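> work_12.cif is reproduced in full below (mmCIF, C-alpha atoms).
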data_target
loop_
_atom_site.label_atom_id
_atom_site.label_comp_id
_atom_site.auth_asym_id
_atom_site.auth_seq_id
_atom_site.Cartn_x
_atom_site.Cartn_y
_atom_site.Cartn_z
CA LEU A 1 -0.02 -8.05 -10.23
CA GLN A 2 1.12 -8.87 -6.67
CA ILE A 3 3.00 -6.53 -4.24
CA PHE A 4 4.33 -6.87 -0.70
CA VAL A 5 3.41 -4.63 2.23
CA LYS A 6 5.85 -4.57 5.16
CA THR A 7 4.27 -3.99 8.60
CA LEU A 8 5.96 -2.38 11.61
CA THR A 9 5.88 -6.04 13.01
CA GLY A 10 8.21 -7.05 10.11
CA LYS A 11 5.52 -9.47 8.88
CA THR A 12 5.07 -9.45 5.10
CA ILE A 13 1.65 -9.57 3.42
CA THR A 14 1.23 -10.24 -0.29
CA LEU A 15 -1.51 -8.14 -1.97
CA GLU A 16 -3.25 -8.93 -5.26
CA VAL A 17 -3.56 -5.51 -6.94
CA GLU A 18 -4.67 -4.24 -10.38
CA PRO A 19 -1.96 -1.96 -11.89
CA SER A 20 -4.33 1.04 -12.12
CA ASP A 21 -5.50 0.54 -8.47
CA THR A 22 -5.44 3.84 -6.48
CA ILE A 23 -3.67 4.09 -3.13
CA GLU A 24 -7.22 4.06 -1.53
CA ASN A 25 -7.86 0.74 -3.23
CA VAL A 26 -4.60 -0.48 -1.61
CA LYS A 27 -5.52 0.92 1.83
CA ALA A 28 -8.97 -0.68 1.53
CA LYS A 29 -7.27 -4.01 0.60
CA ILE A 30 -5.29 -3.66 3.88
CA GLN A 31 -8.55 -2.70 5.65
CA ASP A 32 -9.51 -6.28 4.55
CA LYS A 33 -6.40 -8.36 5.42
CA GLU A 34 -5.41 -6.50 8.65
CA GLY A 35 -8.29 -4.25 9.73
CA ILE A 36 -6.70 -0.78 9.85
CA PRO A 37 -8.95 2.06 8.66
CA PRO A 38 -7.35 3.70 5.60
CA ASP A 39 -7.20 6.96 7.64
CA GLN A 40 -4.74 5.33 10.10
CA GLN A 41 -2.73 3.84 7.22
CA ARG A 42 0.28 5.68 5.78
CA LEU A 43 1.99 3.80 2.91
CA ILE A 44 5.62 4.39 1.79
CA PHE A 45 7.39 3.45 -1.46
CA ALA A 46 11.14 4.11 -1.82
CA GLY A 47 10.79 6.81 0.90
CA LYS A 48 7.91 8.54 -0.97
CA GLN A 49 4.78 8.64 1.21
CA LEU A 50 2.11 7.63 -1.35
CA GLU A 51 -1.04 9.76 -1.77
CA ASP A 52 -4.76 8.59 -1.99
CA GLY A 53 -6.04 9.09 -5.60
CA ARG A 54 -2.75 8.64 -7.56
CA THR A 55 -2.41 5.00 -8.83
CA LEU A 56 0.29 2.34 -8.36
CA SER A 57 1.42 3.07 -11.97
CA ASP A 58 1.70 6.86 -11.31
CA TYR A 59 4.36 6.02 -8.65
CA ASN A 60 5.78 3.19 -10.87
CA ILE A 61 4.94 0.46 -8.32
CA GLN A 62 5.22 -2.88 -10.14
CA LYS A 63 5.08 -6.61 -9.66
CA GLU A 64 6.78 -7.57 -6.37
CA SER A 65 7.37 -3.91 -5.27
CA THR A 66 7.42 -3.37 -1.43
CA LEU A 67 5.27 -0.73 0.30
CA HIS A 68 5.98 0.00 3.97
CA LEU A 69 2.84 0.55 6.06
CA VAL A 70 3.07 2.90 9.10
CA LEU A 71 0.24 4.34 11.25
CA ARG A 72 -1.14 7.89 11.60
CA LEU A 73 -1.94 8.79 15.24
#
Turn the structure described in the file into structure tokens.

Amino acid sequence: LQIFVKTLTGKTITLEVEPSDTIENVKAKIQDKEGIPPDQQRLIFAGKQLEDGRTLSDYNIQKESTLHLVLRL
């Protein structure tokens, strides 16, 4: 599976994700490609702010789905 994460910059980053990956696993993938501690990350999917511990499949995030990243303080 691959998904896109939109930054505040506008710049788009593809992410290789397993379908059962938790939102932490996603934040820690972004920790890798950008370098933003998961605690400063806030991810959004169709307006729903996604929660650590639930998985991509719990929120029905699928191939080529877009998450919007925004920061926390």
> Could you list, as a list in words, every residue within 7 Å of residue A:14, counting only C-alpha atoms and ignoring same-chain residues fewer than 2 positions away?
residues 2, 3, 4, 5, 12 and 16 of chain A
> Extract, using all atoms listed in the file, all DNA, RNA and protein residues at most 12 Å from stretch 29-38 of chain A, discarding same-chain residues fewer than 6 positions from it, and format them as a PDB file with C-alpha atoms, in the coordinates of the input.

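Writing done, so here's result_36.pdb:
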ATOM      1  CA  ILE A   3       3.000  -6.530  -4.240  1.00  0.00           C
ATOM      2  CA  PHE A   4       4.330  -6.870  -0.700  1.00  0.00           C
ATOM      3  CA  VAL A   5       3.410  -4.630   2.230  1.00  0.00           C
ATOM      4  CA  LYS A   6       5.850  -4.570   5.160  1.00  0.00           C
ATOM      5  CA  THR A   7       4.270  -3.990   8.600  1.00  0.00           C
ATOM      6  CA  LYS A  11       5.520  -9.470   8.880  1.00  0.00           C
ATOM      7  CA  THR A  12       5.070  -9.450   5.100  1.00  0.00           C
ATOM      8  CA  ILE A  13       1.650  -9.570   3.420  1.00  0.00           C
ATOM      9  CA  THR A  14       1.230 -10.240  -0.290  1.00  0.00           C
ATOM     10  CA  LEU A  15      -1.510  -8.140  -1.970  1.00  0.00           C
ATOM     11  CA  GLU A  16      -3.250  -8.930  -5.260  1.00  0.00           C
ATOM     12  CA  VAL A  17      -3.560  -5.510  -6.940  1.00  0.00           C
ATOM     13  CA  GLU A  18      -4.670  -4.240 -10.380  1.00  0.00           C
ATOM     14  CA  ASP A  21      -5.500   0.540  -8.470  1.00  0.00           C
ATOM     15  CA  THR A  22      -5.440   3.840  -6.480  1.00  0.00           C
ATOM     16  CA  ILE A  23      -3.670   4.090  -3.130  1.00  0.00           C
ATOM     17  CA  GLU A  51      -1.040   9.760  -1.770  1.00  0.00           C
ATOM     18  CA  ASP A  52      -4.760   8.590  -1.990  1.00  0.00           C
ATOM     19  CA  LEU A  67       5.270  -0.730   0.300  1.00  0.00           C
ATOM     20  CA  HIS A  68       5.980   0.000   3.970  1.00  0.00           C
ATOM     21  CA  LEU A  69       2.840   0.550   6.060  1.00  0.00           C
ATOM     22  CA  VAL A  70       3.070   2.900   9.100  1.00  0.00           C
ATOM     23  CA  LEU A  71       0.240   4.340  11.250  1.00  0.00           C
ATOM     24  CA  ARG A  72      -1.140   7.890  11.600  1.00  0.00           C
ATOM     25  CA  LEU A  73      -1.940   8.790  15.240  1.00  0.00           C
TER      26      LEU A  73
END
> Mind pulling up the distance from atom CA of residue A:19 to atom CA of residue A:55?
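Going from atom CA of residue A:55 over to atom CA of residue A:19 covers 7.6 Å.
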> Can you tell me how far atom CA of residue A:57 sits from atom CA of residue A:8, in Å to one decimal?
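So the answer is 24.6 Å.
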> Between A:24, A:59, A:9, A:1, which one has atoms that come closest to residue A:39, using only C-alpha atoms?
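For residue A:39, the nearest of the candidates is A:24.
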> Rounded to one decimal, what separation in Å do you get between atom CA of residue A:65 and atom CA of residue A:44?
11.0 Å
> Nearest to residue A:20: which of A:42, A:63, A:54, A:48 is it, counting only C-alpha atoms?
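Among the listed residues, A:54 lies closest to residue A:20.
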> Output as AutoDock Vina command-line options the centre and edge lengths (Å, one decimal) of the box along x, y and z of the file that holds every listed atom of stretch 47-66 of chain A after adding 6 Å on each side.

--center_x 2.4 --center_y 1.1 --center_z -5.4 --size_x 28.8 --size_y 29.3 --size_z 25.2
